[PDB]
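Okay, so here's the structure we're looking at.
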Amino acid sequence: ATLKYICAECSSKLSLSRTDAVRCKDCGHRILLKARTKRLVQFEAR
Amino acid sequence: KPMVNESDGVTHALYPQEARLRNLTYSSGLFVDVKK
Ligand SMILES: [Zn+2]
């Protein structure tokens with residue numbers, strides 16, 4: 001349950017906020033994506 | 001070879017696909033045996 005940001009390589013759910021640095025629980029590589037939404041997305045079949 | 005001298009970190013050995021995403025500069029250092 002719950003996830004905030006992910007890493008460009010070692011896709012490990014992180015989670016932060018201001019000043020808490022912008023790195024990862026290991027890999028220095030300071031990228032990070034902001035994982036999907038909770039509210040489902042609805043599509044049409046055409 | 002490629003490097004990234006940023007304050008709050010040493011000098012990260014850089015790679016293409018990153019400089020790309022982070023808008024950086026895929027360049028490396030230049031040194032010269034200067035004489036006194
Ligand atoms: Zn990481």
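We label chains A, B, ... in the order they appear in the structure tokens, count residues from 1 in each chain, and number ligands from 1 in the order shown.
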
Given a cut-off of 9 Å, which residues of chain B touch chain A, counting only C-alpha atoms, written out as a compact mmCIF listing (two decimals) with C-alpha atoms, in the first residue's frame?
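Below you can see result10.txt, which holds the result:
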```
# COMPACT_ATOMS: atom_id res chain seq x y z
CA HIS B 12 30.05 11.51 -11.03
CA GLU B 18 21.47 11.14 -18.43
CA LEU B 21 17.33 13.96 -19.34
CA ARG B 22 18.96 16.36 -16.93
```

Any residue with an atom at most 7 Å from ligand 1 counts, using only C-alpha atoms and all ligand atoms. Which are they? Put them as a ChimeraX atom specification. /A:7,9-10,12,23-29

Produce a file of the selected residues containing N, CA and C atoms, as a compact mmCIF listing (two decimals), in the first residue's frame.
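The result, written out as out.txt:
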```txt
# COMPACT_ATOMS: atom_id res chain seq x y z
N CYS A 7 12.96 4.91 -9.01
CA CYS A 7 14.29 5.20 -9.56
C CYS A 7 14.42 4.72 -11.01
N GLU A 9 16.51 3.12 -12.58
CA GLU A 9 17.11 1.80 -12.77
C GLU A 9 16.60 0.76 -11.77
N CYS A 10 17.07 0.89 -10.53
CA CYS A 10 16.68 0.00 -9.45
C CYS A 10 15.31 0.45 -8.99
N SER A 12 12.88 0.92 -7.12
CA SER A 12 12.50 0.68 -5.73
C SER A 12 11.69 1.85 -5.18
N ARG A 23 17.99 11.82 -4.15
CA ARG A 23 18.77 10.66 -4.59
C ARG A 23 17.95 9.39 -4.34
N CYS A 24 18.62 8.26 -4.14
CA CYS A 24 17.91 7.01 -3.90
C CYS A 24 18.56 6.17 -2.79
N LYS A 25 17.80 5.20 -2.25
CA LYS A 25 18.29 4.32 -1.18
C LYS A 25 19.44 3.44 -1.67
N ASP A 26 20.43 4.08 -2.30
CA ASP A 26 21.62 3.42 -2.83
C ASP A 26 22.12 4.21 -4.05
N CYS A 27 21.85 3.70 -5.24
CA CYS A 27 22.27 4.34 -6.49
C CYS A 27 22.22 5.86 -6.38
N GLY A 28 23.37 6.50 -6.57
CA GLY A 28 23.41 7.94 -6.50
C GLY A 28 22.51 8.55 -7.57
N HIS A 29 22.55 7.96 -8.77
CA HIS A 29 21.76 8.40 -9.93
C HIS A 29 20.45 9.09 -9.52
```

Within 10 Å of residue 4 of chain B, counting only C-alpha atoms, which residues qualify if same-chain residues fewer than 4 places away don't, as a list in words? residues 9, 10, 11, 12, 13, 14, 15, 19, 24, 25, 26, 27, 28 and 29 of chain B

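Of note, atom CA of residue 2 of chain B and atom CA of residue 31 of chain B are spaced 13.7 Å apart.
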